[PDB]
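Chemist: What follows is target33.cif; its format and atoms are mmCIF, N, CA and C atoms.
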data_input
loop_
_atom_site.group_PDB
_atom_site.id
_atom_site.type_symbol
_atom_site.label_atom_id
_atom_site.label_comp_id
_atom_site.auth_asym_id
_atom_site.auth_seq_id
_atom_site.Cartn_x
_atom_site.Cartn_y
_atom_site.Cartn_z
ATOM 1 N N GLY A 1 5.804 -39.387 -9.721
ATOM 2 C CA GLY A 1 5.152 -40.677 -9.856
ATOM 3 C C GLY A 1 6.081 -41.741 -10.402
ATOM 4 N N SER A 2 5.502 -42.827 -10.908
ATOM 5 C CA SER A 2 6.287 -43.925 -11.461
ATOM 6 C C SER A 2 7.259 -43.417 -12.522
ATOM 7 N N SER A 3 8.201 -44.272 -12.910
ATOM 8 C CA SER A 3 9.193 -43.911 -13.915
ATOM 9 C C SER A 3 8.550 -43.782 -15.292
ATOM 10 N N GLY A 4 8.443 -42.548 -15.776
ATOM 11 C CA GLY A 4 7.846 -42.310 -17.077
ATOM 12 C C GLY A 4 8.484 -41.142 -17.803
ATOM 13 N N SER A 5 8.217 -39.931 -17.323
ATOM 14 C CA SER A 5 8.766 -38.727 -17.937
ATOM 15 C C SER A 5 9.047 -37.660 -16.883
ATOM 16 N N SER A 6 10.274 -37.153 -16.877
ATOM 17 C CA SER A 6 10.673 -36.128 -15.919
ATOM 18 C C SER A 6 11.338 -34.952 -16.626
ATOM 19 N N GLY A 7 11.562 -33.872 -15.882
ATOM 20 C CA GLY A 7 12.190 -32.694 -16.455
ATOM 21 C C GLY A 7 11.788 -31.419 -15.740
ATOM 22 N N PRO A 8 12.613 -30.370 -15.886
ATOM 23 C CA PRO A 8 12.359 -29.071 -15.255
ATOM 24 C C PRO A 8 11.169 -28.348 -15.876
ATOM 25 N N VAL A 9 10.523 -27.496 -15.086
ATOM 26 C CA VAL A 9 9.370 -26.739 -15.560
ATOM 27 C C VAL A 9 9.691 -25.252 -15.659
ATOM 28 N N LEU A 10 10.079 -24.815 -16.851
ATOM 29 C CA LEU A 10 10.415 -23.413 -17.080
ATOM 30 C C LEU A 10 9.153 -22.564 -17.200
ATOM 31 N N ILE A 11 9.196 -21.366 -16.626
ATOM 32 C CA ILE A 11 8.058 -20.457 -16.672
ATOM 33 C C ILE A 11 8.063 -19.635 -17.957
ATOM 34 N N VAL A 12 7.185 -19.998 -18.888
ATOM 35 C CA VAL A 12 7.085 -19.293 -20.160
ATOM 36 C C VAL A 12 6.634 -17.852 -19.956
ATOM 37 N N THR A 13 5.485 -17.684 -19.310
ATOM 38 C CA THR A 13 4.941 -16.357 -19.050
ATOM 39 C C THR A 13 4.742 -16.126 -17.556
ATOM 40 N N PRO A 14 5.754 -15.528 -16.909
ATOM 41 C CA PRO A 14 5.712 -15.238 -15.473
ATOM 42 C C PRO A 14 4.715 -14.136 -15.132
ATOM 43 N N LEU A 15 4.703 -13.724 -13.870
ATOM 44 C CA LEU A 15 3.796 -12.676 -13.415
ATOM 45 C C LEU A 15 4.364 -11.294 -13.723
ATOM 46 N N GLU A 16 3.535 -10.268 -13.550
ATOM 47 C CA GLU A 16 3.956 -8.896 -13.808
ATOM 48 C C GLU A 16 3.250 -7.924 -12.868
ATOM 49 N N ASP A 17 3.887 -6.786 -12.614
ATOM 50 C CA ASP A 17 3.321 -5.773 -11.732
ATOM 51 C C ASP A 17 1.893 -5.428 -12.146
ATOM 52 N N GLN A 18 0.962 -5.556 -11.207
ATOM 53 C CA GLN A 18 -0.440 -5.260 -11.476
ATOM 54 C C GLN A 18 -0.927 -4.103 -10.609
ATOM 55 N N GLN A 19 -1.585 -3.135 -11.239
ATOM 56 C CA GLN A 19 -2.103 -1.974 -10.525
ATOM 57 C C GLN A 19 -3.626 -2.014 -10.452
ATOM 58 N N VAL A 20 -4.149 -2.321 -9.270
ATOM 59 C CA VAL A 20 -5.591 -2.392 -9.067
ATOM 60 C C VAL A 20 -6.009 -1.630 -7.815
ATOM 61 N N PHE A 21 -7.313 -1.579 -7.567
ATOM 62 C CA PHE A 21 -7.843 -0.881 -6.401
ATOM 63 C C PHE A 21 -8.432 -1.868 -5.398
ATOM 64 N N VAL A 22 -8.480 -1.460 -4.134
ATOM 65 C CA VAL A 22 -9.020 -2.307 -3.077
ATOM 66 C C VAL A 22 -10.477 -2.666 -3.350
ATOM 67 N N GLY A 23 -10.748 -3.960 -3.482
ATOM 68 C CA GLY A 23 -12.101 -4.411 -3.743
ATOM 69 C C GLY A 23 -12.365 -4.629 -5.219
ATOM 70 N N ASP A 24 -11.410 -5.246 -5.906
ATOM 71 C CA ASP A 24 -11.543 -5.512 -7.333
ATOM 72 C C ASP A 24 -11.237 -6.974 -7.643
ATOM 73 N N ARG A 25 -11.277 -7.322 -8.926
ATOM 74 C CA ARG A 25 -11.005 -8.689 -9.355
ATOM 75 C C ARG A 25 -9.570 -8.826 -9.854
ATOM 76 N N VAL A 26 -8.792 -9.666 -9.179
ATOM 77 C CA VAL A 26 -7.400 -9.889 -9.554
ATOM 78 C C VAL A 26 -7.172 -11.333 -9.983
ATOM 79 N N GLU A 27 -6.565 -11.509 -11.152
ATOM 80 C CA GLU A 27 -6.288 -12.841 -11.676
ATOM 81 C C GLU A 27 -4.826 -12.967 -12.097
ATOM 82 N N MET A 28 -4.027 -13.613 -11.255
ATOM 83 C CA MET A 28 -2.609 -13.802 -11.540
ATOM 84 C C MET A 28 -2.376 -15.102 -12.303
ATOM 85 N N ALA A 29 -2.270 -14.996 -13.624
ATOM 86 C CA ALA A 29 -2.045 -16.162 -14.468
ATOM 87 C C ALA A 29 -0.574 -16.292 -14.845
ATOM 88 N N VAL A 30 -0.126 -17.526 -15.051
ATOM 89 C CA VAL A 30 1.261 -17.786 -15.417
ATOM 90 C C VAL A 30 1.364 -18.968 -16.375
ATOM 91 N N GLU A 31 2.137 -18.793 -17.442
ATOM 92 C CA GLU A 31 2.320 -19.846 -18.435
ATOM 93 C C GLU A 31 3.569 -20.667 -18.132
ATOM 94 N N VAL A 32 3.387 -21.976 -17.984
ATOM 95 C CA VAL A 32 4.499 -22.874 -17.693
ATOM 96 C C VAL A 32 4.858 -23.717 -18.911
ATOM 97 N N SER A 33 5.838 -24.599 -18.746
ATOM 98 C CA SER A 33 6.280 -25.465 -19.833
ATOM 99 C C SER A 33 5.826 -26.903 -19.602
ATOM 100 N N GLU A 34 4.892 -27.080 -18.672
ATOM 101 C CA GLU A 34 4.373 -28.406 -18.354
ATOM 102 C C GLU A 34 2.985 -28.310 -17.728
ATOM 103 N N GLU A 35 2.069 -29.149 -18.203
ATOM 104 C CA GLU A 35 0.704 -29.158 -17.691
ATOM 105 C C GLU A 35 0.684 -29.485 -16.201
ATOM 106 N N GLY A 36 0.961 -30.744 -15.873
ATOM 107 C CA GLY A 36 0.969 -31.165 -14.484
ATOM 108 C C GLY A 36 2.173 -30.640 -13.727
ATOM 109 N N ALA A 37 2.233 -29.323 -13.551
ATOM 110 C CA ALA A 37 3.339 -28.696 -12.839
ATOM 111 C C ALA A 37 2.986 -28.461 -11.374
ATOM 112 N N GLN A 38 3.958 -28.677 -10.494
ATOM 113 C CA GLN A 38 3.748 -28.489 -9.064
ATOM 114 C C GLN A 38 4.178 -27.092 -8.630
ATOM 115 N N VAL A 39 3.905 -26.104 -9.476
ATOM 116 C CA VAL A 39 4.262 -24.722 -9.180
ATOM 117 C C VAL A 39 3.802 -24.322 -7.782
ATOM 118 N N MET A 40 4.643 -23.572 -7.079
ATOM 119 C CA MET A 40 4.322 -23.122 -5.730
ATOM 120 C C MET A 40 4.386 -21.601 -5.635
ATOM 121 N N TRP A 41 3.328 -21.001 -5.101
ATOM 122 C CA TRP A 41 3.266 -19.551 -4.953
ATOM 123 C C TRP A 41 3.754 -19.122 -3.574
ATOM 124 N N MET A 42 4.495 -18.020 -3.529
ATOM 125 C CA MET A 42 5.021 -17.504 -2.271
ATOM 126 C C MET A 42 4.724 -16.014 -2.127
ATOM 127 N N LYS A 43 4.241 -15.623 -0.953
ATOM 128 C CA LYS A 43 3.917 -14.226 -0.686
ATOM 129 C C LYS A 43 4.674 -13.717 0.536
ATOM 130 N N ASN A 44 5.417 -12.630 0.355
ATOM 131 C CA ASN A 44 6.188 -12.041 1.444
ATOM 132 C C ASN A 44 7.012 -13.104 2.164
ATOM 133 N N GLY A 45 7.367 -14.160 1.440
ATOM 134 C CA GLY A 45 8.152 -15.232 2.025
ATOM 135 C C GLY A 45 7.297 -16.241 2.763
ATOM 136 N N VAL A 46 6.213 -16.674 2.127
ATOM 137 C CA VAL A 46 5.309 -17.646 2.731
ATOM 138 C C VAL A 46 4.761 -18.611 1.686
ATOM 139 N N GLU A 47 5.119 -19.884 1.819
ATOM 140 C CA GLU A 47 4.663 -20.906 0.884
ATOM 141 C C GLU A 47 3.148 -21.075 0.960
ATOM 142 N N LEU A 48 2.460 -20.658 -0.097
ATOM 143 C CA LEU A 48 1.006 -20.762 -0.153
ATOM 144 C C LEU A 48 0.567 -22.222 -0.224
ATOM 145 N N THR A 49 0.492 -22.870 0.935
ATOM 146 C CA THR A 49 0.083 -24.267 1.003
ATOM 147 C C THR A 49 -1.226 -24.495 0.257
ATOM 148 N N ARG A 50 -1.409 -25.711 -0.247
ATOM 149 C CA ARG A 50 -2.618 -26.057 -0.985
ATOM 150 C C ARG A 50 -3.506 -26.989 -0.165
ATOM 151 N N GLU A 51 -3.758 -26.612 1.085
ATOM 152 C CA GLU A 51 -4.591 -27.415 1.972
ATOM 153 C C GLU A 51 -5.754 -26.593 2.518
ATOM 154 N N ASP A 52 -6.538 -27.201 3.400
ATOM 155 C CA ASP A 52 -7.683 -26.526 3.999
ATOM 156 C C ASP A 52 -7.277 -25.174 4.578
ATOM 157 N N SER A 53 -7.722 -24.102 3.931
ATOM 158 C CA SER A 53 -7.400 -22.751 4.378
ATOM 159 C C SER A 53 -8.645 -21.870 4.383
ATOM 160 N N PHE A 54 -9.555 -22.147 5.312
ATOM 161 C CA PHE A 54 -10.790 -21.380 5.425
ATOM 162 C C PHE A 54 -10.499 -19.884 5.471
ATOM 163 N N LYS A 55 -9.414 -19.518 6.144
ATOM 164 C CA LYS A 55 -9.022 -18.119 6.265
ATOM 165 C C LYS A 55 -8.980 -17.446 4.896
ATOM 166 N N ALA A 56 -8.063 -17.900 4.047
ATOM 167 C CA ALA A 56 -7.922 -17.344 2.707
ATOM 168 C C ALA A 56 -9.262 -17.313 1.982
ATOM 169 N N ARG A 57 -9.371 -16.440 0.986
ATOM 170 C CA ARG A 57 -10.601 -16.310 0.213
ATOM 171 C C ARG A 57 -10.330 -16.498 -1.277
ATOM 172 N N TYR A 58 -9.055 -16.613 -1.631
ATOM 173 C CA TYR A 58 -8.661 -16.794 -3.023
ATOM 174 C C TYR A 58 -8.919 -18.226 -3.480
ATOM 175 N N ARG A 59 -9.059 -18.407 -4.790
ATOM 176 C CA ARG A 59 -9.309 -19.726 -5.356
ATOM 177 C C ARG A 59 -8.222 -20.102 -6.360
ATOM 178 N N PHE A 60 -7.892 -21.388 -6.415
ATOM 179 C CA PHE A 60 -6.867 -21.877 -7.330
ATOM 180 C C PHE A 60 -7.496 -22.428 -8.605
ATOM 181 N N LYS A 61 -6.919 -22.068 -9.746
ATOM 182 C CA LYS A 61 -7.420 -22.526 -11.037
ATOM 183 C C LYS A 61 -6.281 -23.040 -11.911
ATOM 184 N N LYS A 62 -6.334 -24.322 -12.251
ATOM 185 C CA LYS A 62 -5.309 -24.938 -13.086
ATOM 186 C C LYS A 62 -5.859 -25.264 -14.470
ATOM 187 N N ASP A 63 -5.365 -24.555 -15.480
ATOM 188 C CA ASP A 63 -5.805 -24.770 -16.853
ATOM 189 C C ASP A 63 -4.675 -25.344 -17.702
ATOM 190 N N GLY A 64 -4.224 -26.544 -17.346
ATOM 191 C CA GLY A 64 -3.150 -27.181 -18.085
ATOM 192 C C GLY A 64 -1.803 -26.538 -17.820
ATOM 193 N N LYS A 65 -1.281 -25.831 -18.816
ATOM 194 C CA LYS A 65 0.009 -25.165 -18.687
ATOM 195 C C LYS A 65 -0.169 -23.715 -18.246
ATOM 196 N N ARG A 66 -1.239 -23.456 -17.501
ATOM 197 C CA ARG A 66 -1.523 -22.112 -17.015
ATOM 198 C C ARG A 66 -2.154 -22.157 -15.626
ATOM 199 N N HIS A 67 -1.597 -21.382 -14.702
ATOM 200 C CA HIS A 67 -2.104 -21.335 -13.336
ATOM 201 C C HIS A 67 -2.596 -19.933 -12.988
ATOM 202 N N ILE A 68 -3.895 -19.813 -12.734
ATOM 203 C CA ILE A 68 -4.489 -18.528 -12.389
ATOM 204 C C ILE A 68 -4.846 -18.467 -10.908
ATOM 205 N N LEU A 69 -4.762 -17.272 -10.333
ATOM 206 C CA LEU A 69 -5.078 -17.078 -8.922
ATOM 207 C C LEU A 69 -6.121 -15.980 -8.744
ATOM 208 N N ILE A 70 -7.390 -16.373 -8.734
ATOM 209 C CA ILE A 70 -8.484 -15.422 -8.568
ATOM 210 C C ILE A 70 -8.550 -14.906 -7.134
ATOM 211 N N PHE A 71 -8.970 -13.655 -6.981
ATOM 212 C CA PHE A 71 -9.080 -13.043 -5.662
ATOM 213 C C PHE A 71 -10.452 -12.402 -5.473
ATOM 214 N N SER A 72 -11.434 -13.217 -5.103
ATOM 215 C CA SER A 72 -12.793 -12.731 -4.893
ATOM 216 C C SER A 72 -12.782 -11.324 -4.303
ATOM 217 N N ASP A 73 -11.824 -11.068 -3.420
ATOM 218 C CA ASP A 73 -11.701 -9.762 -2.782
ATOM 219 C C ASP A 73 -10.244 -9.454 -2.450
ATOM 220 N N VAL A 74 -9.772 -8.295 -2.897
ATOM 221 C CA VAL A 74 -8.397 -7.882 -2.647
ATOM 222 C C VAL A 74 -8.347 -6.629 -1.780
ATOM 223 N N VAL A 75 -7.324 -6.539 -0.937
ATOM 224 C CA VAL A 75 -7.160 -5.391 -0.053
ATOM 225 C C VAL A 75 -5.706 -4.932 -0.012
ATOM 226 N N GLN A 76 -5.465 -3.805 0.648
ATOM 227 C CA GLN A 76 -4.118 -3.258 0.762
ATOM 228 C C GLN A 76 -3.179 -4.260 1.426
ATOM 229 N N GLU A 77 -3.746 -5.144 2.241
ATOM 230 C CA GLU A 77 -2.958 -6.154 2.937
ATOM 231 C C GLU A 77 -2.553 -7.278 1.989
ATOM 232 N N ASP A 78 -3.273 -7.396 0.879
ATOM 233 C CA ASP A 78 -2.989 -8.430 -0.110
ATOM 234 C C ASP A 78 -1.809 -8.029 -0.991
ATOM 235 N N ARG A 79 -1.464 -6.746 -0.961
ATOM 236 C CA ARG A 79 -0.356 -6.235 -1.759
ATOM 237 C C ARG A 79 0.980 -6.733 -1.213
ATOM 238 N N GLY A 80 1.703 -7.490 -2.033
ATOM 239 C CA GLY A 80 2.989 -8.017 -1.615
ATOM 240 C C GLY A 80 3.865 -8.409 -2.790
ATOM 241 N N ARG A 81 4.627 -9.484 -2.624
ATOM 242 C CA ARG A 81 5.514 -9.962 -3.678
ATOM 243 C C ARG A 81 5.289 -11.447 -3.948
ATOM 244 N N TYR A 82 4.452 -11.743 -4.935
ATOM 245 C CA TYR A 82 4.150 -13.123 -5.292
ATOM 246 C C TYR A 82 5.298 -13.748 -6.078
ATOM 247 N N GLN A 83 6.169 -14.463 -5.373
ATOM 248 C CA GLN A 83 7.311 -15.113 -6.004
ATOM 249 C C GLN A 83 6.974 -16.547 -6.398
ATOM 250 N N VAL A 84 6.829 -16.780 -7.698
ATOM 251 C CA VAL A 84 6.507 -18.108 -8.206
ATOM 252 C C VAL A 84 7.759 -18.970 -8.324
ATOM 253 N N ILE A 85 7.703 -20.165 -7.745
ATOM 254 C CA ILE A 85 8.833 -21.086 -7.786
ATOM 255 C C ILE A 85 8.403 -22.460 -8.289
ATOM 256 N N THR A 86 9.221 -23.049 -9.155
ATOM 257 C CA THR A 86 8.928 -24.364 -9.711
ATOM 258 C C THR A 86 10.163 -25.258 -9.691
ATOM 259 N N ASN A 87 10.026 -26.459 -10.243
ATOM 260 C CA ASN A 87 11.131 -27.410 -10.288
ATOM 261 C C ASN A 87 12.012 -27.162 -11.509
ATOM 262 N N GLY A 88 11.940 -25.948 -12.047
ATOM 263 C CA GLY A 88 12.735 -25.605 -13.212
ATOM 264 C C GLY A 88 13.066 -24.126 -13.272
ATOM 265 N N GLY A 89 12.068 -23.287 -13.009
ATOM 266 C CA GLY A 89 12.278 -21.852 -13.042
ATOM 267 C C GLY A 89 11.485 -21.125 -11.975
ATOM 268 N N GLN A 90 11.777 -19.840 -11.794
ATOM 269 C CA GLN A 90 11.085 -19.034 -10.796
ATOM 270 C C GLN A 90 11.003 -17.576 -11.237
ATOM 271 N N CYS A 91 10.115 -16.820 -10.601
ATOM 272 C CA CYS A 91 9.937 -15.410 -10.928
ATOM 273 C C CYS A 91 9.293 -14.659 -9.766
ATOM 274 N N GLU A 92 9.145 -13.347 -9.927
ATOM 275 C CA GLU A 92 8.547 -12.516 -8.888
ATOM 276 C C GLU A 92 7.758 -11.362 -9.503
ATOM 277 N N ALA A 93 6.777 -10.863 -8.760
ATOM 278 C CA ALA A 93 5.949 -9.758 -9.230
ATOM 279 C C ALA A 93 5.555 -8.840 -8.079
ATOM 280 N N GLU A 94 5.118 -7.629 -8.416
ATOM 281 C CA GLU A 94 4.711 -6.657 -7.409
ATOM 282 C C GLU A 94 3.257 -6.240 -7.611
ATOM 283 N N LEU A 95 2.393 -6.676 -6.702
ATOM 284 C CA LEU A 95 0.972 -6.350 -6.779
ATOM 285 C C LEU A 95 0.687 -5.003 -6.124
ATOM 286 N N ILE A 96 0.515 -3.974 -6.948
ATOM 287 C CA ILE A 96 0.233 -2.634 -6.448
ATOM 288 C C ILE A 96 -1.250 -2.464 -6.139
ATOM 289 N N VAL A 97 -1.572 -2.348 -4.854
ATOM 290 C CA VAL A 97 -2.955 -2.177 -4.425
ATOM 291 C C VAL A 97 -3.182 -0.787 -3.842
ATOM 292 N N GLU A 98 -4.060 -0.021 -4.480
ATOM 293 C CA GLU A 98 -4.367 1.331 -4.024
ATOM 294 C C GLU A 98 -5.793 1.412 -3.485
ATOM 295 N N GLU A 99 -6.059 2.440 -2.685
ATOM 296 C CA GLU A 99 -7.381 2.632 -2.103
ATOM 297 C C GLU A 99 -8.326 3.292 -3.104
ATOM 298 N N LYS A 100 -9.622 3.067 -2.923
ATOM 299 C CA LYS A 100 -10.630 3.638 -3.807
ATOM 300 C C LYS A 100 -10.862 5.112 -3.488
ATOM 301 N N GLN A 101 -11.632 5.783 -4.338
ATOM 302 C CA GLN A 101 -11.930 7.197 -4.146
ATOM 303 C C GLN A 101 -12.985 7.388 -3.060
#
In structure tokens, how does this file's structure come out?

Modeler:
Amino acid sequence: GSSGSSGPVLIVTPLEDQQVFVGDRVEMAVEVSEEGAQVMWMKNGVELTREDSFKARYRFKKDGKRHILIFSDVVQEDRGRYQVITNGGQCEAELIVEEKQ
């Protein structure tokens, strides 16, 4: 925006390997160093655009310096590598999705 305040956005608390089962509640939260951060999520090398995506079922939640990614429904196909990238820092995680009994 206008000339006011700029700077890199370092990831205080990045993502971490999560072990869940198909059909559960997954919440990928991340702590940043700036509230209004333009953090971008990437899966298997795909920029998770923030536009009309009827296909997807996940919801975006911005709580200031924290970005959560709820997954109403998760499946084995959802298991990948969520690489978080920002204008200051980046990270990666491994979502382990296993089948139910």

Chemist: Hey, what's within 8 Å of residue A:101 if we count all atoms listed in the file and toss same-chain stuff fewer than 2 positions away? As a PyMOL selection string, please?

Modeler: chain A and resi 21-22+98-99

Chemist: For residue A:33, work out the shell of residues within 7 Å, counting only C-alpha atoms and skipping chain neighbours fewer than 3 positions away, then give it as a PyMOL selection string.

Modeler: chain A and resi 9-12+65

Chemist: At a cut-off of 8 Å from (7.5, -31.4, -9.7) in the coordinates of the file, what residues are picked up using all atoms listed in the file, written as a PyMOL selection string?

Modeler: chain A and resi 7-9+36-39+86-88

Chemist: Pick the closest to residue A:30 from A:75, A:42, A:15, A:48: which is it, counting only C-alpha atoms?

Modeler: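 Counting only C-alpha atoms, the residue closest to residue A:30 is A:15.
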
Chemist: Give as a list in words the set of residues within 8 Å of the point (-3.4, -8.7, -10.1), where distances use the file's coordinates and all atoms listed in the file.

Modeler: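 The answer, in the requested form, is residues 16, 17, 18, 19, 20, 25, 26, 27, 28, 29, 69, 94, 95 and 96 of chain A.
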
Chemist: Quick check on the file I pasted: which residues fall under the PyMOL selection byres ((chain A and resi 57) around 7)? Write them as an MDAnalysis selection string.

Modeler: chainID A and resid 53:56 58:59 70:73

Chemist: Which residue, A:93, A:74, A:68, A:46, has the smallest gap to residue A:31 when you use only C-alpha atoms?

Modeler: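 Under the stated criterion, the closest residue is A:68.
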
Chemist: Report the distance between atom N of residue A:43 and atom C of residue A:23 in Å, rounded to one decimal place.

Modeler: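 These two atoms are separated by 20.4 Å.
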
Chemist: In Å, rounded to a single decimal, give me how far atom C of residue A:64 is from atom N of residue A:78.

Modeler: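 That distance, rounded to one decimal, is 26.8 Å.
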
Chemist: Check the DSSP output for the backbone and give back, as a ChimeraX atom specification, the residues of stretch 4-63 of chain A in strand (DSSP E).

Modeler: /A:11-13,18-21,30-32,40-43,59-62

Chemist: Please measure the separation of atom N of residue A:89 and atom N of residue A:6, giving the value in Å to one decimal.

Modeler: 14.5 Å

Chemist: Of the residues A:13, A:90, A:76, A:49, which is the one nearest to residue A:32, using only N, CA and C atoms?

Modeler: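 For residue A:32, the nearest of the candidates is A:13.
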
Chemist: Find, counting only C-alpha atoms, the residue in A:51, A:92, A:63, A:77 that gets nearest to residue A:35.

Modeler: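 Comparing A:51, A:92, A:63, A:77 against residue A:35, the winner is A:63.
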
Chemist: Taking all atoms of stretch 25-30 of chain A that appear in the file, build a box with edges along x, y and z, extend it by 8 Å on every side, and state its centre and edge lengths in Å to one decimal, as AutoDock Vina command-line options.

Modeler:
--center_x -5.0 --center_y -13.1 --center_z -12.7 --size_x 28.6 --size_y 27.6 --size_z 23.4
